[PDB]
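# Fold and geometry: a report
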Amino acid sequence: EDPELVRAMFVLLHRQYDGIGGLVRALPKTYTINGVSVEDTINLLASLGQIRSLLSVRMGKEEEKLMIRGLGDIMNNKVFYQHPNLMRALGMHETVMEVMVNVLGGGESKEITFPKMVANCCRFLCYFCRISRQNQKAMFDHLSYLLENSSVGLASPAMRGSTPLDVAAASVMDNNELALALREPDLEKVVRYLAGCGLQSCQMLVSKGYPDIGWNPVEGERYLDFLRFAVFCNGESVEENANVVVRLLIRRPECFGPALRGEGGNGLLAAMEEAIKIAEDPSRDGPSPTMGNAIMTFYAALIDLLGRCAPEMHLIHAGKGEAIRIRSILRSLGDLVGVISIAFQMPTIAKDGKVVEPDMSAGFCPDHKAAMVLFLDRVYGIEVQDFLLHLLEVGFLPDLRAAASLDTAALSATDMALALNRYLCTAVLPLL
Amino acid sequence: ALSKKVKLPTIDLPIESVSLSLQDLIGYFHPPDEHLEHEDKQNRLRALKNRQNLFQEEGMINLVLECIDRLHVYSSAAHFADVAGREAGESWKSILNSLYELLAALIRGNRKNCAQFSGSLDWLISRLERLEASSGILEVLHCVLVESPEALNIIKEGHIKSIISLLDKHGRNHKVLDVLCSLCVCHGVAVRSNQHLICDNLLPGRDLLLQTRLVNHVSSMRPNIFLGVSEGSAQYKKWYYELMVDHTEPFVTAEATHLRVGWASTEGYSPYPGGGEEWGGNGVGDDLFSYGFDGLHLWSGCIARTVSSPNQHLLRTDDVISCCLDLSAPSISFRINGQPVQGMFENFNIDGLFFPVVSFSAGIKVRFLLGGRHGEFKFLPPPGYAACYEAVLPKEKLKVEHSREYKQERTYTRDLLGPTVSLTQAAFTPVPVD
Amino acid sequence: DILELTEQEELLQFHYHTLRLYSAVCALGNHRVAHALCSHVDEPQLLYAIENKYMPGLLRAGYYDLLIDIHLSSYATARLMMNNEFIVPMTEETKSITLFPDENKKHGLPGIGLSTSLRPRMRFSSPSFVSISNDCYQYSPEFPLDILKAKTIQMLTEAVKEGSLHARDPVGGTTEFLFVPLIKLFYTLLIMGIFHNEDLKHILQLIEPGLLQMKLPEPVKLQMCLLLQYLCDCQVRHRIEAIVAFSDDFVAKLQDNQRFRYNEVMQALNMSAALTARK
Amino acid sequence: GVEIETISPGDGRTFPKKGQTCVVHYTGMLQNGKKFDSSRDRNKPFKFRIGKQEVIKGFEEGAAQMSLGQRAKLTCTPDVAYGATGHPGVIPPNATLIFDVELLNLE
Amino acid sequence: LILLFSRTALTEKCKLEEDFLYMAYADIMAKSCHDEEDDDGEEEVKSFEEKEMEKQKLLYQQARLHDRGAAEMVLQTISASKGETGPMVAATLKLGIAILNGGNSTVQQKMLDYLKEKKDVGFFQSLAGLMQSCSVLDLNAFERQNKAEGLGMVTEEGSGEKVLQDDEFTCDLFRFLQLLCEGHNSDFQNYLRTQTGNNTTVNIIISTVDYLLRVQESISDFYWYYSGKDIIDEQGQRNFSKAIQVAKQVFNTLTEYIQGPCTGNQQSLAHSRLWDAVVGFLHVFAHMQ
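Residues numbered from 1 in each chain as written, not as in the entry; some residues may be left out. Chains lettered and ligands numbered in written order. Part of a larger assembly, values for the part shown. Heavy atoms only, no water. Residues with missing side-chain atoms left out of burial classes, pairs and counts.

By the method listed in its record, cryo-EM, this PDB entry was determined to a resolution of 3.5 Å.

So this is what it looks like as structure tokens:
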């Protein structure tokens, strides 16, 4: 009787008969540390043993503090980043994933809103990719469930909107093979998740009610950033993913238009002006003493995704690679043609002056202008004389501002001049 | 329909029919009786689990539990029984236990449905506010712990203190401990959100803390000299004897070292190795009716009754001990190394009889000095006192015995000693007649 | 008394459930509950409880489980979890490991051998109930293992001698209540590496001729299976250590042979990464 | 704060000083005969150093009277004890403590 | 041991566990019954001195395995997984084809009697789920895999293909279906379409025809993609060989369903979507040649 006894008995009998099987199974677990690094390996093994002991049980109030202390102790490890193969074969990522499942539980409860272990572990596991990409390959299998439970709110930057998308972004950082291995259903999932952000906003920051933090909303930009990471590469634009991404995005209208009429929307010529008139002088809320940057940042992220989604011309296929249809479709989304006036305006106002006046909170960022010029270069380009004869410059007001803001001052400079310098560095429109 | 105290003959109250229905329902939810074959047992378990899940889904999305709670209006032992009909809650405990058992069985199901009894506070505190039965709560907590532990965070410090207090006002039933075992790790299935909080909270309450003792074994030694004091026909009232100790090293096993030279009350103190709620006592000066004398401390029943005397020290090597006896005027003084100590004892057990006794522990060596050639008195007896030799019976030789115990350490022979306290049976008194 | 519980059925159940509660409260590692439990039950009391013969079977198993859950719970669990990693460091003392002790290809004794793996630190605690910040610890008291091993060996020999006679009256309760906790304690002491070479030799000689020859119940067979699995795991560990010991010399020879052949076209000639490195 | 009832003869010349370890083999005891901890069943010396207040001040106040080789009976006021609640789990609140401290060696 | 496996499979779990012991012992049994090489090997050996002895030894080994109740174990393990493709189902099907080699009739009779006397419903539903969970050529996956690290396998990520998720599993499942119905077993042929004793009826025939239509459509789409090229790639050769083998196994299974004269099965074939599949196959062949 007692079937556990006979189960263990026959397990032992088979394992002692098939010693070769135990030998081949045990070998991948084995590693080899050389000499001096024994001491720093012992502490890592003790910390991982403590983590594994706390894995089976759940976490509470003091247990989170203990886990964070253990993680702070394990971060200052010499052989953590020196032996990635040991790190992969030691099975830490499975432990962190199981801890994440235990923390989330059933879901839609959020008993403890403090994800800081997951971001640090994922970033430090995905920073190295020149050696042992098999860790990223392993995380690619968990990526489906990771995208399934993409909750809002990350404690590390005190932003909300997407908790675990940093792990996915680090997983598709600079891997063309991993980007090609992406499928359709997860892209559909993230498209439907993005489509749910079409609800209008009444206050400066509110999810359902009773606002607590009203600094800056970013809940609509994380999905666009993840799509941009999944559609582009180090120096190439993957067409296979771009086609399905643009087909899914264009199949249904999800970008709400707060100033246009009828179906569709996406009117820059009115929404950008509304954002710069509601965010420059007033606060993120309408009634405010003298939306916010969220709407304009969302539009810039969407523009960047669309620009990087456009196929590269005169590099692989130039008019003989089916890209004509998708180029015409992107051109059809004119308001999109007439974005030069949008790129011309300079709604920053440096203010400052004589009596100190430091720091800016509601300043227009040149990165959005860089996004507009990148989209223009990707879709239309400056290969024709008409654009040069219409513009003659990347911008009059920004260039005049850069020329004027040239002084050896610790207050007038080193606050906005760096952003303008980066924007000018990223401007390649006069090139080619 | 009869909740609002309506007239009884207007609408019937069929207690017999509802009792029969409840009995049929409880026998209808019988456990599968696993002693039979595996196939039929598995079929019955599968049918029961599917039935319970479907009954759950049909029943308490918005009903069933509300009906049961509205049914639980029995808050008095016999007032509501007398008010409505002849009796109402004649068998409330059994039906409550069976209803909670079937509720927990429904909650178990296919290990995928635990919401109402594990994700709420009002129903849990309604269960905990009565505390009459513990079968249902144990079953639901065990099933939640097996499936997915999330009902232990509801249990706060107040509920733990209430459950522990059940062992105080109400006697032990071994079911409370089997419940508290389910509020712990249970070999792997644990959650440190609040279960470890209450586990740490079990300790400072001190209503669950238990005390264990570990004492060395001691024996009492008495000689054959019997005083035989009576009333009206008394013969002798003065006695004096001394004892010597050479090897008296302490700390042989622990602090529990017993070495007493005084006397204990014959009535009240008996050679019993244990017993009693107050740690009992198996030596001289151990019970409440004795006093004891180790030379320094005279406790009785864990009561501090130490004496004050110059040059206080243990009964070390070359330390004499003397004893004084009186019967007319109670005056007992103890002298060590020629210096009498304080702590005069008055009004002892005059009525009855008492014998010279001495207690000892392991690793001790004591000598008996009663007088004559057998005992050489180190110090002279006090004036008005006599040595413990005149009470020697003729046609016999004085010696030591086993102090009316059962059996010593014998290797081959196995003898049994019957009831014989002393030479007589009824009373230990002489026979003066006229 | 202490033995009067063999008649009172209800009090025996009360005490057995109290011991079960004590085991359950302090388990899977705990900080301050273990010390408070050690306040109630001490080393000599536990030693007498495990060494007694007339003690009831239920209380014997309860006290054994209490001792294991207090002292030998966290460290044994940690060692069991780590036992599937096989991290072998390379030092000057890790090269003198062979598959066989001699040239006769003898199988040898599985228990006795040279591991040189990364074993965890055995750091106990000495609180004496007057201290602070006592959280990182293994054992609340200091059990003397020198006498504990001797006691365990003596009781195991007495138990196997009694079971060889097949007495009608067992030690405690029945034939399994005296034998299951003893093997449980022996197994949880052997997996921690407490036993020395001579104790391992005595244990192996105990069962070589035999413990597996008489009739045993189911839980004893479970414990025997666990012990055999541990022995086979130790054999696998010795094999892995020998394999990596040979592999160090083999890869050194391969690197030397590759350095002997001159084949380099990179600008950084005579580099270390030219032997075994992706880039 | 503490009452010293000597239960063993002492020389009275050698006294424990500050800055050195003291070997003490004591046996704790609660009220009415209950005890909770003994330091001699473990068969290990208990060494503590004076200056960092790592031990309760009752021992420091009680060891300043008796000498080496002298066993004494000690009583601890709840005010001089851990506090109003004492040690959680082994000491009940507002309860005195009884000790059997003994000095054997001084280093 | 067989009783242990049967009672583990009978107890409900709503989840397929790993059970490495079951995998190891199923592999051991399958290798024990796999004495034959199923190839040419040596020269033309005489076909009665060794062939009869080989058949007798195979029958003896199958009797040794199935006299302890291996067939009931296999059926219960198949019915345990509610149409979920898993490695344990693959091991169970390997054991089934190992004990069903040679068209044995005693095991077929035992399985039919067990299914009739137990009124099992999960077996056919599990088979339908396994058929619906099978894989195809996945032309998009092949196109994505062709362009990797510039061109080819420069990244050297691994030796995997990711072009046919289950081909050996599908071949084993259909070989099990063919062997289970081999020998013109009329009652078993009719039991896969009607299930008179069962309360719920599941048609395995229509599911097999649907899978054949799916693989025919996949092959036609692959041909239409590859019609513009001229040279055959090695990956193309391997994918073509796998698809041809799967189609051949499905065709053999369909032949064994209607090999004997069975009016009901023939009418079910006629009223199904077979003709479109055959039309597509002929269209593929006319240009493949």
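Following the structure, the description resumes.
Check the secondary structure of chain C and you find nine helices and zero strands. Secondary structure elements of chain C, listed N to C terminal, follow the sequence α-α-α-α-α-α-α-α-α. Since a compact globule built from 279 residues should have a radius of gyration of about 19 Å, the 25 Å found for chain C marks it as more spread out than a globular shape. For chain C, the C-alpha atoms occupy an extent of roughly 90 × 50 × 30 Å along the three principal directions. The burial tally for chain C puts 45% of its 279 residues in the buried class. Accessible surface for chain C amounts to roughly 15600 Å². Of this, 58% is attributable to carbon and sulfur atoms. Chain C carries 26 positive and 32 negative side-chain charges, and their two centres are separated by 10 Å. (Helix = DSSP H or I, 4+ residues; strand = E, 2+ residues; numbered from the N terminus. Rg over C-alpha atoms; globule rule 2.2 N^0.38 Å. Buried < 20%, exposed > 50% of the residue type's maximum accessible area, 1.4 Å probe, protein only. Areas by Shrake-Rupley, 256 points an atom, 1.4 Å probe, with all protein chains shown as cover. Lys, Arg positive; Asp, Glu negative; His and termini not counted. Charge placed at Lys NZ, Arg CZ, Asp CG, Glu CD.)

Backbone-to-backbone hydrogen bonds pair the strands of a sheet. The strands run either parallel or antiparallel. Residue and element names in this part refer to chain D. Ordered in space as β1-β4-β5, the three strands form an open sheet in which the pairing is antiparallel. The strands lining the two open edges of the sheet, one partner per strand, are β1 (2–6) and β5 (97–99). Strand-to-strand twist across the sheet, computed as the mean angle between neighbouring axes with direction ignored, equals 20°. Note: β1 against strand β4 (residues 72–76), five bridges, orientation antiparallel. Residue pairing across strands places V2 opposite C76, the latter belonging to β4. (Pairing = 2+ DSSP bridges. Axes fitted to C-alpha atoms, helices over the stretch in contact; angles between N-to-C directions.)

Okay, the environment of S288 of chain A next. Residue and element names in this part refer to chain A. As for its placement among the helices and strands, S288 is situated in the loop between α14 (268–279) and α15 (293–309). Taking relative accessible area as the criterion, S288 reaches 23% and is therefore assigned partly exposed. Between the C-alpha atoms of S288 and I131, which are 157 residues apart in sequence, the distance is 53 Å. Sequence-distant contacts of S288, defined by excluding residues within four places in its chain, comprise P282 and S283. For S288, the side chain forms a polar contact with the main-chain oxygen of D285, separated by 3.4 Å. (Contact = heavy atoms within 4.5 Å. Polar contact = N/O pair within 3.5 Å; in protein donor to acceptor, adjacent residues only side chain to side chain.)

A separate point is the packing of helix α7 (residues 135–147) of chain B against helix α9 (residues 175–182) of chain B. All names here are of chain B. As a packed pair, α7 and α9 sit with axes 9 Å apart at the nearest point and diverge in direction by 20°. On the basis of the axis angle, α7 is roughly parallel to α9. Considering the relative orientation of α7 and α9, their crossing is left-handed. Within the contact between the two elements, α7 uses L138, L141, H142 and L145 and α9 uses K175, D178, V179 and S182. Across the contact of α7 with α9, the residue classes tally to four nonpolar, two polar and two charged. (Parallel < 35°, antiparallel > 145°, perpendicular 65-115°, else oblique. Left-handed = near helix turned anticlockwise from the far one by under 90°. Nonpolar A, V, L, I, M, F, W, Y, C, P; charged D, E, K, R; others polar.)

Opposite the 31 residues of chain A that make contact, chain C presents 24 residues. Of the roughly 2500 Å² buried between chain A and chain C, counting both surfaces, carbon and sulfur atoms make up 68%. When the buried area of chain A at its contact with chain C is split by residue, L5, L12 and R15 of chain A rank highest and sum to 21% of it. Counting the contacts that link chain A with chain C gives two salt bridges. Among the salt bridges present, the one from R52 of chain A reaches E85 of chain C, with a minimum N-O distance of 3.6 Å. Listing elements by their share of the side of chain A that touches chain C, those giving two or more residues are α1 (3–17), α2 (19–26) and α3 (38–56) of chain A. For the side of chain A that touches chain C, the leading source of residues is α3 of chain A, giving eight residues. (Buried area = accessible area lost by both parts, 1.4 Å probe. Salt bridge = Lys/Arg side-chain N within 4 Å of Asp/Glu carboxyl O.)

Once that is clear, we can look at a negative patch on the surface. Residue and element names in this part refer to chain A. Taken together, the side chains of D352, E357, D359, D407 and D415 make up a negatively charged region of the molecular surface. Assignment of secondary structure puts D359 in the loop between α17 (340–344) and α18 (366–379). Since its relative accessible area comes to 70%, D359 is described here as exposed. (Patch = residues over 30% accessible without salt bridge, like charges linked within 9 Å, V, L, I, M, F, W, Y side chains within 5 Å.)

Here we take up helix α3 (residues 43–51) of chain C. Residue and element names in this part refer to chain C. Every buried residue of α3 is listed here: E43, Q45, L46, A49 and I50. Considered in projection along α3, the buried side chains sweep an arc of 165° and stay on one side of the axis. Buried residues along α3 sit in contact with α2 (33–40), α4 (57–70) and α6 (145–165). (Arc of directions from axis to C-beta.)

Here the phi dihedral of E357 of chain A falls at roughly 55°; this positive angle occurs in a residue that is not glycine. Here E357 of chain A lies in the loop between α17 and α18. Here the phi dihedral of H174 of chain B falls at roughly 65°; this positive angle occurs in a residue that is not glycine. Mapped onto the secondary structure, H174 of chain B falls in the loop between α8 (157–169) and α9.

What follows concerns the interface of chain C and chain D. With eleven residues of chain C at the interface, the matching set in chain D holds 14 residues. Approximately 1200 Å² of surface area, both sides summed, lies buried where chain C meets chain D, with 52% of it carried by carbon and sulfur atoms. The largest share of the area that chain C buries against chain D comes from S128, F129 and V130 of chain C, three residues that together contribute 47% of it. At the surface where chain C touches chain D, the tally comes to zero salt bridges. Where chain C meets chain D, there are three residue pairs in polar contact. At the level of elements, α2 and α3 of chain C are the ones that each hand at least two residues to the side of chain C that touches chain D.

To continue, consider the nonpolar core. By size, the foremost hydrophobic cluster in this structure holds 118 residues, and its most contacted members are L183 and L202 of chain B, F179 and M192 of chain C together with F99 of chain D. For this core, the element with the highest residue contribution is helix α7 (residues 180–190) of chain C, accounting for eight residues. In this structure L202 of chain B touches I160, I164, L180 and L208 of chain B together with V25 of chain C, once residues within four positions along its chain are discounted. (Core = buried A, V, L, I, M, F, W, Y, C linked by side-chain atoms within 4.5 Å.)

Of all seven pairs of chains sharing an interface, the pair with the highest contact count is chains A and C. A minimum C-alpha distance of 43 Å separates chain D and chain E, which share no contact.

For the rest of this paragraph, the subject is the sheet that holds strand β2 (residues 21–24) of chain D. All names here are of chain D. Ordered by their spatial adjacency, three strands build an open sheet running β3-β2-β6, and the pairing between neighbours is antiparallel. The open sheet has two edge strands, β3 (46–49) and β6 (103–106), and neither has a second partner. For this sheet, the mean angle separating the axes of adjacent strands, direction not counted, is 30°. Where β2 and β6 come together, two bridges link them in antiparallel fashion. Counted as the bridge partner of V24 is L103 from β6.

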